[PDB]
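Here's the structure, in structure tokens; my notes come after.
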Amino acid sequence: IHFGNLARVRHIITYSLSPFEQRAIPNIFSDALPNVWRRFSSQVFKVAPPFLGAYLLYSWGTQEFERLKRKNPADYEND
Amino acid sequence: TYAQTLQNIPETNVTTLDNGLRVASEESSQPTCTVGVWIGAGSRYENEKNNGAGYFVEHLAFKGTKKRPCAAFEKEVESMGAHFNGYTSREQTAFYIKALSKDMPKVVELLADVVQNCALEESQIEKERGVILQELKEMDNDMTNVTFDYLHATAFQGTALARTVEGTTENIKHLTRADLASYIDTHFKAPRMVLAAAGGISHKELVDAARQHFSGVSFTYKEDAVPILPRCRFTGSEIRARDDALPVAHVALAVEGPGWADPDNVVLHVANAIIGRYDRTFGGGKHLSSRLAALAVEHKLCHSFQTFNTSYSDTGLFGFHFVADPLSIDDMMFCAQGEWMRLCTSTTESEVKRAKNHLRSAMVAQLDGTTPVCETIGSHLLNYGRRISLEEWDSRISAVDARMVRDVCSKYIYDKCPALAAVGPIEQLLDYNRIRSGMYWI
């Protein structure tokens, strides 16, 4: 029992139509996509950064490791 | 025998005046009577800018005419003991009088004087404007009508029928002597009117007195033609006016109706006769024959509920309405939809047999007096184009059987997206989706 004791609500009217009188995926270009982009923009500069900043650290550590495996001719110039 | 008492009911005389008006009446041995004009006008015929006029007009129809102003008009009627009443719906308006048959003619005169020469005194309007404005506030507190309005508002959303008979607040605040005048001059016309009457009146003495005050003739062919209205589109949808501050909740649910002319309406009625109605003051209580009523009682599901088949020229609304407490809305609705499903899938001969008798008794009671008869004549013509006698109705009702009730209800209810309106503390009633699925599988 949870429907009926939820909240004291007053003066809000809502309107909705049967699923059969409307389109499932409507206004894909006029509304859908524009917002997909909108949402994508609002976040990139929050998420992307640390992830990119990770990639770098990954690349560096990786390449440096391989580098330290290579031989330095400056150990054999003498003999 | 019942059968005979029906055949012996005098006929309803109908003759058409060269101008298009139709005069009809049923003569009885009664000293008193009811005569009136039933019109094919109303809010539906209105538009966004004049919505409410037909009502504003109703408010002035009695405040006197040109030939005899307010004081006089009122005084002249009261003094003869006649009762003057009238109304206006979405597709029908009417003004009628109750007086002794002896004054049948002086009455007819008065009527004609009202529909044809309403004063529309510039000074009266500004007063009735304040009056109507308060009537709206009083009606705004009658959940039952606030609900049916909303029901229409959405069932026919975006169309002519989605309009309230009283009209907008603005519309009433600004309508003009002109707009009102126009409405009358545009809608109140002979071909769309019916002078009906019942009591101790002679059709002749009536029709004669008719030609005398309803003489206005038409020249062009347009004036003889009744304009067909652009039809209204139904829409499975919901509108929820919530206010937990109200003590009870009101719910109305419906599918689109067939419209006056369709025969199925008889079966549809026979159907609602089965589900019927309830109200906490019915003494039958738990023994009532109506399954929904019983559950309502056994489980305290609601304060009242009613089934209805509101018809219109080209459409209609077939559904139900109930008032319940915030916490019993769901079970109530649940059970209700159950019965509709029961209609479609498992009606019994026993059920219909009864429903029929209840219906027969219903039609007969609809003609209990002169005003009610006159109201039936004024309507049958205006809607069916003629008169359907109890003798006929009965035959159409007697022919209904289970197998038939099932097919029809299925045809109009099963798996249809319904229109729903809820007002009050409706939190427990929820989701259109859910309600939509209550529309199939008993």
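In the structure tokens, chains take letters A, B, ... by order of appearance, with residues numbered from 1 within each chain and ligands from 1 in the order shown.
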Legend entry - Residues of chain B within 8 Å of chain A, counting only C-alpha atoms, as a PyMOL selection string: chain B and resi 235-245+326-327+417-418+427-428+432-433+436
Legend entry - Who sits within 7 Å of residue 197 in chain B, only C-alpha atoms, same chain under 4 positions skipped, as a PyMOL selection string: chain B and resi 24-26+34-36+374
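The closest residue to residue 380 in chain B, picked from B:70, B:141, B:18, B:194 and counting only C-alpha atoms, is B:194.
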Inset, instruction - Please indicate the distance in Å from CA of residue 69 in chain B to CA of residue 37 in chain B, rounded to one decimal place. - result: 20.7 Å
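Every protein, DNA or RNA residue with an atom at most 7 Å from range 261-274 of chain B, where only C-alpha atoms count and chain neighbours fewer than 5 positions away do not, is listed here: residues 290, 307, 308, 309, 351, 352, 355, 356, 358, 359, 384, 397, 400, 405, 408 and 409 of chain B.
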Inset, instruction - Apply DSSP to the structure's backbone, then extract all residues of chain A labelled alpha helix (DSSP H) and return them as an NGL selection string. - result: :A and (33-67)
Restrict the selected residues to N, CA and C atoms and save them as an mmCIF file, in the first residue's frame.
data_model
loop_
_atom_site.group_PDB
_atom_site.id
_atom_site.type_symbol
_atom_site.label_atom_id
_atom_site.label_comp_id
_atom_site.auth_asym_id
_atom_site.auth_seq_id
_atom_site.Cartn_x
_atom_site.Cartn_y
_atom_site.Cartn_z
ATOM 1 N N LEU A 33 17.205 14.377 -32.043
ATOM 2 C CA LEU A 33 18.620 14.637 -32.247
ATOM 3 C C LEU A 33 19.153 15.952 -31.687
ATOM 4 N N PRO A 34 18.479 17.079 -31.973
ATOM 5 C CA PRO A 34 18.958 18.368 -31.453
ATOM 6 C C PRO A 34 19.280 18.299 -29.959
ATOM 7 N N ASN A 35 18.456 17.551 -29.229
ATOM 8 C CA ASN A 35 18.638 17.388 -27.795
ATOM 9 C C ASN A 35 19.749 16.386 -27.489
ATOM 10 N N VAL A 36 19.850 15.332 -28.299
ATOM 11 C CA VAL A 36 20.898 14.340 -28.105
ATOM 12 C C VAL A 36 22.193 15.116 -28.108
ATOM 13 N N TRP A 37 22.314 16.023 -29.076
ATOM 14 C CA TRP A 37 23.499 16.853 -29.191
ATOM 15 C C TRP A 37 23.596 17.767 -27.988
ATOM 16 N N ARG A 38 22.493 18.432 -27.665
ATOM 17 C CA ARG A 38 22.469 19.338 -26.522
ATOM 18 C C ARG A 38 23.067 18.670 -25.290
ATOM 19 N N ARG A 39 22.563 17.477 -24.993
ATOM 20 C CA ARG A 39 23.000 16.706 -23.839
ATOM 21 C C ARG A 39 24.477 16.353 -23.933
ATOM 22 N N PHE A 40 24.895 15.935 -25.119
ATOM 23 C CA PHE A 40 26.280 15.568 -25.343
ATOM 24 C C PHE A 40 27.221 16.724 -25.049
ATOM 25 N N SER A 41 26.847 17.916 -25.490
ATOM 26 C CA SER A 41 27.673 19.098 -25.280
ATOM 27 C C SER A 41 27.830 19.461 -23.806
ATOM 28 N N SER A 42 26.705 19.567 -23.116
ATOM 29 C CA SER A 42 26.698 19.927 -21.708
ATOM 30 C C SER A 42 27.635 19.086 -20.844
ATOM 31 N N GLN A 43 27.991 17.893 -21.313
ATOM 32 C CA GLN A 43 28.835 17.001 -20.518
ATOM 33 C C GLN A 43 30.286 16.769 -20.940
ATOM 34 N N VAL A 44 30.550 16.722 -22.241
ATOM 35 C CA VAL A 44 31.901 16.469 -22.731
ATOM 36 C C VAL A 44 33.018 17.034 -21.870
ATOM 37 N N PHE A 45 32.947 18.326 -21.583
ATOM 38 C CA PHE A 45 33.988 18.979 -20.798
ATOM 39 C C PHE A 45 34.066 18.614 -19.321
ATOM 40 N N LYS A 46 33.220 17.677 -18.891
ATOM 41 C CA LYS A 46 33.205 17.219 -17.500
ATOM 42 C C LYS A 46 33.740 15.797 -17.461
ATOM 43 N N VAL A 47 33.264 14.993 -18.398
ATOM 44 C CA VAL A 47 33.664 13.604 -18.505
ATOM 45 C C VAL A 47 34.986 13.449 -19.260
ATOM 46 N N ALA A 48 34.934 13.684 -20.573
ATOM 47 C CA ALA A 48 36.085 13.547 -21.472
ATOM 48 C C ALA A 48 37.446 13.866 -20.874
ATOM 49 N N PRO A 49 37.598 15.058 -20.285
ATOM 50 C CA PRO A 49 38.879 15.432 -19.691
ATOM 51 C C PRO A 49 39.594 14.321 -18.930
ATOM 52 N N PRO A 50 39.188 14.033 -17.682
ATOM 53 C CA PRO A 50 39.895 12.969 -16.967
ATOM 54 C C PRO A 50 40.094 11.661 -17.720
ATOM 55 N N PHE A 51 39.221 11.349 -18.671
ATOM 56 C CA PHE A 51 39.400 10.114 -19.428
ATOM 57 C C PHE A 51 40.538 10.262 -20.409
ATOM 58 N N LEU A 52 40.640 11.449 -21.007
ATOM 59 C CA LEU A 52 41.712 11.746 -21.948
ATOM 60 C C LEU A 52 42.995 11.806 -21.116
ATOM 61 N N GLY A 53 42.928 12.528 -19.999
ATOM 62 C CA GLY A 53 44.074 12.649 -19.117
ATOM 63 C C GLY A 53 44.557 11.300 -18.615
ATOM 64 N N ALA A 54 43.733 10.273 -18.808
ATOM 65 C CA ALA A 54 44.086 8.921 -18.393
ATOM 66 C C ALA A 54 44.869 8.308 -19.537
ATOM 67 N N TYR A 55 44.272 8.365 -20.722
ATOM 68 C CA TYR A 55 44.876 7.829 -21.932
ATOM 69 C C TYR A 55 46.326 8.239 -22.024
ATOM 70 N N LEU A 56 46.573 9.535 -21.883
ATOM 71 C CA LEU A 56 47.928 10.050 -21.949
ATOM 72 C C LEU A 56 48.816 9.274 -20.988
ATOM 73 N N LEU A 57 48.525 9.378 -19.691
ATOM 74 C CA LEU A 57 49.312 8.671 -18.690
ATOM 75 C C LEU A 57 49.552 7.228 -19.117
ATOM 76 N N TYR A 58 48.555 6.617 -19.749
ATOM 77 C CA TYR A 58 48.672 5.237 -20.225
ATOM 78 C C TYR A 58 49.732 5.142 -21.310
ATOM 79 N N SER A 59 49.587 5.985 -22.333
ATOM 80 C CA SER A 59 50.521 6.021 -23.456
ATOM 81 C C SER A 59 51.929 6.276 -22.984
ATOM 82 N N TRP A 60 52.103 7.293 -22.149
ATOM 83 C CA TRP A 60 53.433 7.586 -21.648
ATOM 84 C C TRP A 60 54.024 6.350 -20.971
ATOM 85 N N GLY A 61 53.441 5.963 -19.844
ATOM 86 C CA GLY A 61 53.927 4.808 -19.115
ATOM 87 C C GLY A 61 54.224 3.619 -20.001
ATOM 88 N N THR A 62 53.395 3.395 -21.016
ATOM 89 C CA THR A 62 53.615 2.272 -21.923
ATOM 90 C C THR A 62 54.884 2.478 -22.743
ATOM 91 N N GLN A 63 54.941 3.568 -23.509
ATOM 92 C CA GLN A 63 56.111 3.876 -24.344
ATOM 93 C C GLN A 63 57.420 3.978 -23.551
ATOM 94 N N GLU A 64 57.365 4.584 -22.366
ATOM 95 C CA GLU A 64 58.549 4.720 -21.519
ATOM 96 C C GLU A 64 59.060 3.343 -21.116
ATOM 97 N N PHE A 65 58.137 2.444 -20.796
ATOM 98 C CA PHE A 65 58.509 1.093 -20.395
ATOM 99 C C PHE A 65 59.302 0.430 -21.513
ATOM 100 N N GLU A 66 58.756 0.488 -22.721
ATOM 101 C CA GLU A 66 59.406 -0.099 -23.883
ATOM 102 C C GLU A 66 60.761 0.554 -24.127
ATOM 103 N N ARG A 67 60.829 1.857 -23.899
ATOM 104 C CA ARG A 67 62.064 2.592 -24.099
ATOM 105 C C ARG A 67 63.145 2.077 -23.160
#
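In this model, the gap between CA of residue 257 in chain B and CA of residue 310 in chain B comes to 7.5 Å.
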Contacts of range 113-124 of chain B within 9 Å, only C-alpha atoms, excl. fewer than 3 positions in-chain, as an mmCIF file with N, CA, C and O atoms, in the first residue's frame:
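Result file is selection-v2.cif:
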data_model
loop_
_atom_site.group_PDB
_atom_site.id
_atom_site.type_symbol
_atom_site.label_atom_id
_atom_site.label_comp_id
_atom_site.auth_asym_id
_atom_site.auth_seq_id
_atom_site.Cartn_x
_atom_site.Cartn_y
_atom_site.Cartn_z
ATOM 1 N N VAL B 37 -41.269 25.115 -28.119
ATOM 2 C CA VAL B 37 -40.473 24.997 -29.317
ATOM 3 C C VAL B 37 -39.114 24.416 -28.937
ATOM 4 O O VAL B 37 -38.433 24.930 -28.044
ATOM 5 N N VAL B 57 -28.307 34.039 -24.328
ATOM 6 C CA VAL B 57 -29.611 34.218 -24.936
ATOM 7 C C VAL B 57 -30.647 33.607 -24.022
ATOM 8 O O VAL B 57 -31.675 34.213 -23.754
ATOM 9 N N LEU B 60 -31.878 35.756 -21.435
ATOM 10 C CA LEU B 60 -32.675 36.912 -21.818
ATOM 11 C C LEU B 60 -33.987 36.539 -22.478
ATOM 12 O O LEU B 60 -34.880 37.364 -22.567
ATOM 13 N N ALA B 61 -34.106 35.301 -22.941
ATOM 14 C CA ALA B 61 -35.319 34.854 -23.614
ATOM 15 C C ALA B 61 -36.595 35.200 -22.862
ATOM 16 O O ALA B 61 -37.644 35.411 -23.471
ATOM 17 N N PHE B 62 -36.503 35.267 -21.536
ATOM 18 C CA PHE B 62 -37.663 35.572 -20.700
ATOM 19 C C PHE B 62 -37.727 37.009 -20.194
ATOM 20 O O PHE B 62 -38.792 37.470 -19.805
ATOM 21 N N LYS B 63 -36.601 37.715 -20.194
ATOM 22 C CA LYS B 63 -36.583 39.095 -19.717
ATOM 23 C C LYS B 63 -37.344 40.059 -20.632
ATOM 24 O O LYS B 63 -37.025 41.251 -20.701
ATOM 25 N N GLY B 64 -38.339 39.530 -21.343
ATOM 26 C CA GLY B 64 -39.166 40.354 -22.209
ATOM 27 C C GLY B 64 -38.792 40.514 -23.669
ATOM 28 O O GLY B 64 -37.619 40.414 -24.040
ATOM 29 N N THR B 65 -39.812 40.776 -24.487
ATOM 30 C CA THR B 65 -39.656 40.979 -25.926
ATOM 31 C C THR B 65 -39.904 42.454 -26.265
ATOM 32 O O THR B 65 -40.072 43.291 -25.368
ATOM 33 N N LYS B 66 -39.932 42.768 -27.560
ATOM 34 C CA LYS B 66 -40.172 44.139 -28.014
ATOM 35 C C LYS B 66 -41.645 44.520 -27.871
ATOM 36 O O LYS B 66 -41.959 45.606 -27.375
ATOM 37 N N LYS B 67 -42.540 43.626 -28.297
ATOM 38 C CA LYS B 67 -43.974 43.885 -28.222
ATOM 39 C C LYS B 67 -44.455 44.085 -26.781
ATOM 40 O O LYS B 67 -45.359 44.883 -26.521
ATOM 41 N N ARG B 68 -43.857 43.361 -25.841
ATOM 42 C CA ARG B 68 -44.247 43.485 -24.442
ATOM 43 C C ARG B 68 -43.051 43.274 -23.522
ATOM 44 O O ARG B 68 -42.686 42.143 -23.216
ATOM 45 N N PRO B 69 -42.430 44.378 -23.068
ATOM 46 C CA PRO B 69 -41.258 44.396 -22.178
ATOM 47 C C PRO B 69 -41.340 43.512 -20.929
ATOM 48 O O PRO B 69 -42.379 42.910 -20.644
ATOM 49 N N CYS B 70 -40.227 43.457 -20.194
ATOM 50 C CA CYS B 70 -40.078 42.645 -18.979
ATOM 51 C C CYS B 70 -41.291 42.590 -18.050
ATOM 52 O O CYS B 70 -42.015 41.592 -18.012
ATOM 53 N N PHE B 95 -37.538 26.048 -25.258
ATOM 54 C CA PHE B 95 -38.314 26.908 -24.364
ATOM 55 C C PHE B 95 -39.721 26.338 -24.424
ATOM 56 O O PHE B 95 -40.292 26.159 -25.508
ATOM 57 N N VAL B 108 -48.920 29.686 -27.482
ATOM 58 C CA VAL B 108 -48.237 29.648 -28.771
ATOM 59 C C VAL B 108 -47.773 31.036 -29.187
ATOM 60 O O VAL B 108 -46.662 31.209 -29.681
ATOM 61 N N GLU B 109 -48.638 32.024 -28.986
ATOM 62 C CA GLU B 109 -48.310 33.398 -29.335
ATOM 63 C C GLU B 109 -47.069 33.809 -28.561
ATOM 64 O O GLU B 109 -46.068 34.228 -29.136
ATOM 65 N N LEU B 110 -47.147 33.677 -27.245
ATOM 66 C CA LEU B 110 -46.045 34.033 -26.373
ATOM 67 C C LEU B 110 -44.739 33.395 -26.819
ATOM 68 O O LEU B 110 -43.720 34.072 -26.929
ATOM 69 N N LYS B 127 -26.515 43.079 -16.917
ATOM 70 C CA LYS B 127 -26.901 42.563 -15.604
ATOM 71 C C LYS B 127 -26.795 41.034 -15.621
ATOM 72 O O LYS B 127 -26.121 40.449 -14.776
ATOM 73 N N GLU B 128 -27.456 40.400 -16.593
ATOM 74 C CA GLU B 128 -27.423 38.949 -16.748
ATOM 75 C C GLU B 128 -25.999 38.474 -16.934
ATOM 76 O O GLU B 128 -25.702 37.301 -16.764
ATOM 77 N N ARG B 129 -25.130 39.397 -17.311
ATOM 78 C CA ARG B 129 -23.721 39.105 -17.502
ATOM 79 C C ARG B 129 -23.126 38.841 -16.117
ATOM 80 O O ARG B 129 -22.354 37.906 -15.922
ATOM 81 N N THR B 176 -21.604 40.650 -27.074
ATOM 82 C CA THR B 176 -22.335 41.886 -27.334
ATOM 83 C C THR B 176 -23.753 41.776 -27.857
ATOM 84 O O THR B 176 -24.125 40.801 -28.512
ATOM 85 N N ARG B 177 -24.529 42.817 -27.569
ATOM 86 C CA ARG B 177 -25.916 42.906 -27.994
ATOM 87 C C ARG B 177 -25.982 42.349 -29.409
ATOM 88 O O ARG B 177 -26.928 41.655 -29.783
ATOM 89 N N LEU B 180 -25.243 38.346 -29.710
ATOM 90 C CA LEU B 180 -26.437 37.655 -29.229
ATOM 91 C C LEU B 180 -27.510 37.711 -30.303
ATOM 92 O O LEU B 180 -28.088 36.688 -30.682
ATOM 93 N N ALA B 181 -27.753 38.922 -30.793
ATOM 94 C CA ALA B 181 -28.741 39.154 -31.833
ATOM 95 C C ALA B 181 -28.421 38.238 -32.999
ATOM 96 O O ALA B 181 -29.278 37.500 -33.486
ATOM 97 N N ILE B 184 -29.266 34.453 -32.522
ATOM 98 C CA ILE B 184 -30.688 34.203 -32.660
ATOM 99 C C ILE B 184 -31.111 34.232 -34.124
ATOM 100 O O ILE B 184 -31.799 33.322 -34.605
ATOM 101 N N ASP B 185 -30.693 35.288 -34.823
ATOM 102 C CA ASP B 185 -31.032 35.487 -36.230
ATOM 103 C C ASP B 185 -30.381 34.462 -37.140
ATOM 104 O O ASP B 185 -30.848 34.236 -38.254
ATOM 105 N N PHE B 188 -32.098 30.482 -34.685
ATOM 106 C CA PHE B 188 -33.521 30.238 -34.442
ATOM 107 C C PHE B 188 -34.356 30.362 -35.701
ATOM 108 O O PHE B 188 -34.967 31.400 -35.933
ATOM 109 N N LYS B 189 -34.405 29.295 -36.499
ATOM 110 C CA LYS B 189 -35.153 29.320 -37.750
ATOM 111 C C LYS B 189 -36.057 28.127 -37.988
ATOM 112 O O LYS B 189 -35.654 26.987 -37.827
ATOM 113 N N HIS B 213 -48.876 32.859 -35.914
ATOM 114 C CA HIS B 213 -47.751 33.587 -35.322
ATOM 115 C C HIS B 213 -46.377 33.194 -35.842
ATOM 116 O O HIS B 213 -45.380 33.877 -35.579
ATOM 117 N N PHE B 214 -46.343 32.087 -36.580
ATOM 118 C CA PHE B 214 -45.125 31.568 -37.204
ATOM 119 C C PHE B 214 -45.361 31.634 -38.725
ATOM 120 O O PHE B 214 -45.317 30.613 -39.418
#
